[PDB]
$ cat start_3.pdb   # PDB, C-alpha atoms
ATOM      1  CA  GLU A   1      73.605  44.988  82.345
ATOM      2  CA  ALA A   2      75.415  48.333  82.458
ATOM      3  CA  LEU A   3      73.940  50.794  84.948
ATOM      4  CA  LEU A   4      74.133  54.587  84.863
ATOM      5  CA  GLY A   5      73.686  57.107  87.659
ATOM      6  CA  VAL A   6      72.813  60.785  88.033
ATOM      7  CA  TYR A   7      75.373  63.078  89.670
ATOM      8  CA  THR A   8      74.707  66.719  90.553
ATOM      9  CA  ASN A   9      77.528  69.230  90.244
ATOM     10  CA  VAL A  10      79.317  71.177  92.963
ATOM     11  CA  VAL A  11      77.723  74.601  93.384
ATOM     12  CA  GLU A  12      80.372  77.078  92.244
ATOM     13  CA  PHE A  13      80.834  80.427  93.944
ATOM     14  CA  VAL A  14      81.820  83.933  92.860
ATOM     15  CA  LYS A  15      85.599  84.343  92.850
ATOM     16  CA  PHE A  16      87.459  86.744  95.102
ATOM     17  CA  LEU A  17      88.102  89.512  92.581
ATOM     18  CA  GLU A  18      84.434  89.433  91.565
ATOM     19  CA  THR A  19      83.052  90.090  95.034
ATOM     20  CA  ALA A  20      82.758  93.576  96.500
ATOM     21  CA  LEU A  21      84.923  92.602  99.477
ATOM     22  CA  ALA A  22      88.087  93.298  97.451
ATOM     23  CA  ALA A  23      87.354  97.024  97.575
ATOM     24  CA  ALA A  24      88.724  96.855 101.138
ATOM     25  CA  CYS A  25      91.971  95.003 100.383
ATOM     26  CA  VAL A  26      94.757  95.376  97.824
ATOM     27  CA  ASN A  27      95.418  92.096  96.051
ATOM     28  CA  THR A  28      98.799  90.929  94.748
ATOM     29  CA  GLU A  29      99.814  87.437  93.614
ATOM     30  CA  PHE A  30     103.084  86.589  95.344
ATOM     31  CA  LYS A  31     104.071  83.369  93.569
ATOM     32  CA  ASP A  32     106.547  81.918  96.074
ATOM     33  CA  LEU A  33     105.265  82.823  99.524
ATOM     34  CA  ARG A  34     106.189  79.529 101.168
ATOM     35  CA  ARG A  35     109.786  80.759 100.912
ATOM     36  CA  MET A  36     109.044  83.945 102.882
ATOM     37  CA  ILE A  37     109.927  84.069 106.585
ATOM     38  CA  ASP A  38     108.771  87.603 107.461
ATOM     39  CA  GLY A  39     107.626  90.729 105.693
ATOM     40  CA  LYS A  40     107.859  94.218 107.033
ATOM     41  CA  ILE A  41     106.707  97.757 106.297
ATOM     42  CA  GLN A  42     108.543 100.755 107.719
ATOM     43  CA  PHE A  43     106.918 104.162 108.158
ATOM     44  CA  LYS A  44     108.810 107.380 108.877
ATOM     45  CA  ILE A  45     106.519 110.113 110.156
ATOM     46  CA  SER A  46     107.938 113.631 110.363
ATOM     47  CA  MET A  47     105.910 115.866 112.622
ATOM     48  CA  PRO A  48     105.537 119.652 112.284
ATOM     49  CA  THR A  49     105.090 122.175 115.069
TER      50      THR A  49
ATOM     51  CA  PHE B   1     128.200 110.469  97.307
ATOM     52  CA  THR B   2     125.082 108.717  98.605
ATOM     53  CA  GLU B   3     126.202 109.648 102.118
ATOM     54  CA  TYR B   4     126.726 113.282 101.100
ATOM     55  CA  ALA B   5     123.525 113.634  99.086
ATOM     56  CA  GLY B   6     121.569 111.835 101.786
ATOM     57  CA  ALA B   7     122.902 114.332 104.310
ATOM     58  CA  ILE B   8     121.807 117.348 102.278
ATOM     59  CA  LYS B   9     118.292 115.870 102.213
ATOM     60  CA  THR B  10     118.263 115.795 106.016
ATOM     61  CA  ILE B  11     119.406 119.376 106.479
ATOM     62  CA  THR B  12     116.892 120.730 103.949
ATOM     63  CA  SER B  13     114.007 118.790 105.495
ATOM     64  CA  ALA B  14     115.119 120.123 108.868
ATOM     65  CA  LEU B  15     114.988 123.630 107.408
ATOM     66  CA  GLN B  16     111.794 123.263 105.421
ATOM     67  CA  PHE B  17     110.609 122.302 108.923
ATOM     68  CA  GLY B  18     111.606 125.733 110.198
ATOM     69  CA  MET B  19     109.705 127.878 107.723
ATOM     70  CA  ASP B  20     106.647 125.628 107.445
ATOM     71  CA  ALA B  21     106.290 125.672 111.236
ATOM     72  CA  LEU B  22     106.486 129.463 111.109
ATOM     73  CA  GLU B  23     103.616 129.765 108.647
ATOM     74  CA  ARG B  24     101.645 128.065 111.405
ATOM     75  CA  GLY B  25     102.675 130.981 113.619
ATOM     76  CA  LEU B  26     100.800 133.427 111.410
ATOM     77  CA  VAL B  27      97.580 131.379 111.411
ATOM     78  CA  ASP B  28      97.784 130.892 115.200
ATOM     79  CA  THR B  29      98.595 134.490 116.135
ATOM     80  CA  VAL B  30      96.048 135.926 113.710
ATOM     81  CA  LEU B  31      93.400 133.660 115.253
ATOM     82  CA  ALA B  32      94.612 134.545 118.751
ATOM     83  CA  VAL B  33      94.071 138.262 118.077
ATOM     84  CA  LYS B  34      90.523 137.525 116.895
ATOM     85  CA  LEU B  35      89.694 135.530 120.031
ATOM     86  CA  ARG B  36      90.885 138.372 122.256
ATOM     87  CA  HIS B  37      88.457 140.689 120.455
ATOM     88  CA  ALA B  38      85.452 138.314 120.319
ATOM     89  CA  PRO B  39      82.883 138.942 123.047
ATOM     90  CA  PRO B  40      80.103 136.349 123.099
ATOM     91  CA  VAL B  41      76.619 136.468 121.625
ATOM     92  CA  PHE B  42      74.622 136.966 124.824
ATOM     93  CA  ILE B  43      76.597 140.088 125.759
ATOM     94  CA  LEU B  44      76.799 141.633 122.313
ATOM     95  CA  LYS B  45      73.282 140.887 121.020
ATOM     96  CA  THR B  46      71.425 143.208 123.391
ATOM     97  CA  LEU B  47      74.009 145.924 122.762
ATOM     98  CA  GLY B  48      73.384 145.477 119.039
ATOM     99  CA  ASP B  49      69.810 146.754 119.223
TER     100      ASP B  49
END

$ encode --input "start_3.pdb" --output "structure tokens"
Amino acid sequence: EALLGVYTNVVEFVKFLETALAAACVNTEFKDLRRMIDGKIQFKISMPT
Amino acid sequence: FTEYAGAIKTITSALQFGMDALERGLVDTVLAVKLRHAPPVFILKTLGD
């Protein structure tokens, strides 16, 4: 006698680009980030008098 | 060439610095003349009537 069961699905959630939190961050898809050691940003601020 | 033309960018931005810090000298010294000739409210109000 073959028996069947009832399974309920995993409740899916709104993705990251579809929330309003991404208005605070700038999103890029860096494909190979496990190869990166460091990443730097360099500012150069000239100051008037 | 990229050492020459990167050295003419320094000496212009050091000399745009000179004039654009001297336009601040107008705005400061014009405001400083006004503050030498600005007696306060409580003195000047009762002389106004």

$ interface_residues --input "start_3.pdb" --of "chain B" --to "chain A" --cutoff "12 Å" --atoms "all atoms listed in the file" --output "list in words"
residues 10, 13, 14, 15, 16, 17, 18, 19, 20, 21, 22, 23, 24, 25 and 28 of chain B

$ atom_distance --input "start_3.pdb" --atom1 "CA of residue 12 in chain B" --atom2 "CA of residue 30 in chain B"
27.6 Å

$ atom_distance --input "start_3.pdb" --atom1 "CA of residue 41 in chain A" --atom2 "CA of residue 9 in chain B"
21.9 Å

$ decode --input "start_3.pdb" --residues "range 10-26 of chain B" --atoms "N, CA and C atoms" --output "PDB file, in the first residue's frame"
ATOM      1  N   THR B  10      49.871  69.973 -11.304  1.00  0.00           N
ATOM      2  CA  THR B  10      50.178  70.369  -9.933  1.00  0.00           C
ATOM      3  C   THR B  10      50.316  71.878  -9.811  1.00  0.00           C
ATOM      4  N   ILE B  11      51.035  72.493 -10.741  1.00  0.00           N
ATOM      5  CA  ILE B  11      51.390  73.896 -10.596  1.00  0.00           C
ATOM      6  C   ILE B  11      50.221  74.802 -10.990  1.00  0.00           C
ATOM      7  N   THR B  12      49.259  74.291 -11.768  1.00  0.00           N
ATOM      8  CA  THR B  12      48.009  75.032 -11.949  1.00  0.00           C
ATOM      9  C   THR B  12      47.129  74.928 -10.714  1.00  0.00           C
ATOM     10  N   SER B  13      47.000  73.721 -10.155  1.00  0.00           N
ATOM     11  CA  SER B  13      46.117  73.533  -9.007  1.00  0.00           C
ATOM     12  C   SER B  13      46.702  74.159  -7.750  1.00  0.00           C
ATOM     13  N   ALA B  14      48.000  74.444  -7.759  1.00  0.00           N
ATOM     14  CA  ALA B  14      48.603  75.265  -6.724  1.00  0.00           C
ATOM     15  C   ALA B  14      48.401  76.747  -6.980  1.00  0.00           C
ATOM     16  N   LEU B  15      47.951  77.116  -8.173  1.00  0.00           N
ATOM     17  CA  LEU B  15      47.821  78.523  -8.518  1.00  0.00           C
ATOM     18  C   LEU B  15      46.363  78.897  -8.764  1.00  0.00           C
ATOM     19  N   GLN B  16      45.510  77.904  -9.026  1.00  0.00           N
ATOM     20  CA  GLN B  16      44.079  78.085  -8.817  1.00  0.00           C
ATOM     21  C   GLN B  16      43.793  78.236  -7.329  1.00  0.00           C
ATOM     22  N   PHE B  17      44.594  77.562  -6.497  1.00  0.00           N
ATOM     23  CA  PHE B  17      44.573  77.723  -5.046  1.00  0.00           C
ATOM     24  C   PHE B  17      44.819  79.154  -4.610  1.00  0.00           C
ATOM     25  N   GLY B  18      45.677  79.884  -5.309  1.00  0.00           N
ATOM     26  CA  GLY B  18      46.016  81.229  -4.903  1.00  0.00           C
ATOM     27  C   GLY B  18      44.900  82.222  -5.123  1.00  0.00           C
ATOM     28  N   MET B  19      44.269  82.169  -6.295  1.00  0.00           N
ATOM     29  CA  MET B  19      43.204  83.114  -6.602  1.00  0.00           C
ATOM     30  C   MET B  19      41.922  82.755  -5.864  1.00  0.00           C
ATOM     31  N   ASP B  20      41.591  81.466  -5.798  1.00  0.00           N
ATOM     32  CA  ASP B  20      40.351  81.056  -5.149  1.00  0.00           C
ATOM     33  C   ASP B  20      40.432  81.077  -3.632  1.00  0.00           C
ATOM     34  N   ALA B  21      41.602  81.321  -3.053  1.00  0.00           N
ATOM     35  CA  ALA B  21      41.710  81.673  -1.646  1.00  0.00           C
ATOM     36  C   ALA B  21      41.779  83.173  -1.446  1.00  0.00           C
ATOM     37  N   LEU B  22      41.824  83.933  -2.533  1.00  0.00           N
ATOM     38  CA  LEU B  22      41.812  85.384  -2.450  1.00  0.00           C
ATOM     39  C   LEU B  22      40.427  85.946  -2.748  1.00  0.00           C
ATOM     40  N   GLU B  23      39.559  85.160  -3.384  1.00  0.00           N
ATOM     41  CA  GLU B  23      38.146  85.515  -3.418  1.00  0.00           C
ATOM     42  C   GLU B  23      37.498  85.318  -2.057  1.00  0.00           C
ATOM     43  N   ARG B  24      38.078  84.463  -1.215  1.00  0.00           N
ATOM     44  CA  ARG B  24      37.610  84.368   0.157  1.00  0.00           C
ATOM     45  C   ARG B  24      37.993  85.606   0.952  1.00  0.00           C
ATOM     46  N   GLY B  25      39.049  86.296   0.540  1.00  0.00           N
ATOM     47  CA  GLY B  25      39.500  87.500   1.198  1.00  0.00           C
ATOM     48  C   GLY B  25      38.570  88.674   1.003  1.00  0.00           C
ATOM     49  N   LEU B  26      37.879  88.727  -0.134  1.00  0.00           N
ATOM     50  CA  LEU B  26      36.828  89.718  -0.325  1.00  0.00           C
ATOM     51  C   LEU B  26      35.707  89.479   0.669  1.00  0.00           C
TER      52      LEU B  26
END
